[PDB]
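The chain that follows stands alone, in the form deposited in one PDB entry, written as structure tokens.
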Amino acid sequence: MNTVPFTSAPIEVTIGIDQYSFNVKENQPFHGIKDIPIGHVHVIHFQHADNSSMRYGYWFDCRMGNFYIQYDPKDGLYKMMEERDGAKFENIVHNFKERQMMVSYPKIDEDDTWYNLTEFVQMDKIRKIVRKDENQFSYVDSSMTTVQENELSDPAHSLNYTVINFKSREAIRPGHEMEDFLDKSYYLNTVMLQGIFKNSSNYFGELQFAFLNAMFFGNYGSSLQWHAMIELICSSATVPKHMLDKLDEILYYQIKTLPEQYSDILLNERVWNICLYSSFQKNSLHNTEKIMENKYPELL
């Protein structure tokens, strides 16, 4: 059970840790989050009370180092930092715990939600999508654009998601134009799975990361990437049986977790209607189709 201490909380802020969130008052004696489950990536995220614009936050894994949060009054945000002195850090955390100035990661024993949302998400893959090699943790916010959004403007601050474009030479073999456009199996299986991702676990990890950035930061380019990766599978006639079964579980937990009030901006009507009712895989996503039909029948 790991800890992310906070130096202080000088500005009023809503703090998220994974799917949980807490309101902290200006100068409230708040000194961080304890009992964070080892074995998963996590995201600690912020929304200032005075600017409900720019949700921002940090992907981290407590196995990779000792991380803390400290407010920077110059840049005007809560920053993640690494403490390299093990004994200084252990001594900071023990003091804050003794004074009970930390919130406990409020996991219910029965509840596999976070595992289910992050099953394939790896910190080493996050750090290739979000390039800042001097830190072990990754900053994401509401406004960061994707490599694909940029092609169509600061490269250092981009989300380097794998570019997926159904009307591209990468997607369409010369001489198999109609076949490759109507059945994307060669683009999914040869180009993306064998070629770029190497395996379905890395593909699902990027899909799951894109969804979480869409949900937690309202990151529009992330939402585009999540839908493109769903549509590429659903639009392939030839998908391994284990990948379809796994995709159904992945999407079920994403739809289950999505705030009911954000379905209008976070769910693309065309993609979901095509995936559940018209695509090759219209009959392969039983759990997803059932939760979507019961939770969001308007969209469909």
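Shifts are known only where both forms have a C-alpha. If you superpose the two forms and keep the largest set of C-alpha atoms that fall within 1.5 Å, you have the rigid core. Each residue number is its position in the shown sequence, starting from 1.
Inset, instruction - Using what the record says, work out whether there is a hole in the model between residue 152 and residue 153 and how many deposited residues it spans (none, 1 to 3, 4 to 9, 10 or more). - result: Missing residues, residue 152 to residue 153: 4 to 9.
Inset, instruction - Check the entry's C-alpha temperature factors for 103-111 and 121-129, then say which stretch has the higher mean. - result: According to the entry, 103-111 carries the higher average C-alpha B-factor.
Legend entry - Residue range whose averaged C-alpha B-factor is higher in the record, 9-17 or 276-284: Higher of the two, by average CA B-factor, is 276-284.
Legend entry - Residue with maximal Cα B-factor (values as given in the PDB entry) among 35, 61, 50, 231: Of 35, 61, 50, 231, 50 has the highest C-alpha B-factor.
Inset, instruction - Quick one: which of 202, 148, 142, 222 shows the highest Cα temperature factor in the PDB entry? - result: The C-alpha B-factor peaks, among 202, 148, 142, 222, at 148.
Legend entry - Third assignment of residue 254 from its chain's C-alpha B-factors: Its C-alpha B-factor belongs to the lowest third of this chain's values.
Inset, instruction - For residue 96, return the chain-relative third of its C-alpha B-factor as stated in the PDB record: lowest, middle or highest. - result: Highest third.
Inset, instruction - Grab the CA temperature factor for residue 72 from the record and place it in the lowest, middle or highest third of its chain. - result: Lowest third - that is where residue 72 ends up once the chain's C-alpha B-factors are sorted.
Inset, instruction - Select lowest, middle or highest to describe the third in which the CA B-factor of residue 88 falls within its chain in this entry. - result: Highest third - that is where residue 88 ends up once the chain's C-alpha B-factors are sorted.
Inset, instruction - Quick one: classify residue 31 as lowest, middle or highest third of the chain based on its Cα B-factor. - result: It belongs to the middle third of the chain when residues are ordered by C-alpha B-factor.
Keep in mind that the form deposited with a small molecule bound is not shown, yet the notes after this line are about it.
Inset, instruction - Please run the contact check for residue 183 against the small molecule in the deposited bound form: heavy atoms, 4.5 angstroms, yes or no? - result: Close contact is absent here: in the deposited bound form, residue 183 is far from the small molecule, nothing within 4.5 Å, heavy atoms only.
Legend entry - Interface membership of residue 191, the small molecule in the deposited bound form, 4.5 Å heavy atom rule: It does not: once the small molecule is placed as it appears in the deposited bound form, residue 191 has no heavy atom within 4.5 Å of it.
Inset, instruction - Please run the contact check for residue 110 against the small molecule in the deposited bound form: heavy atoms, 4.5 angstroms, yes or no? - result: Residue 110 lies outside the contact set for the small molecule.
Inset, instruction - Using the partner position in the deposited bound form, report whether residue 179 sits within 4.5 Å of the small molecule, counting heavy atoms only. - result: Answer no; every heavy atom of residue 179 is more than 4.5 Å from the small molecule in the deposited bound form.
Inset, instruction - Could you point out the stretches of 3 or more consecutive residues whose C-alpha atoms all move by 2 Å or more between the shown form and the other one when the rigid core is superposed? - result: That run whose C-alphas all shift by 2 Å or more is 96-99, the only one.
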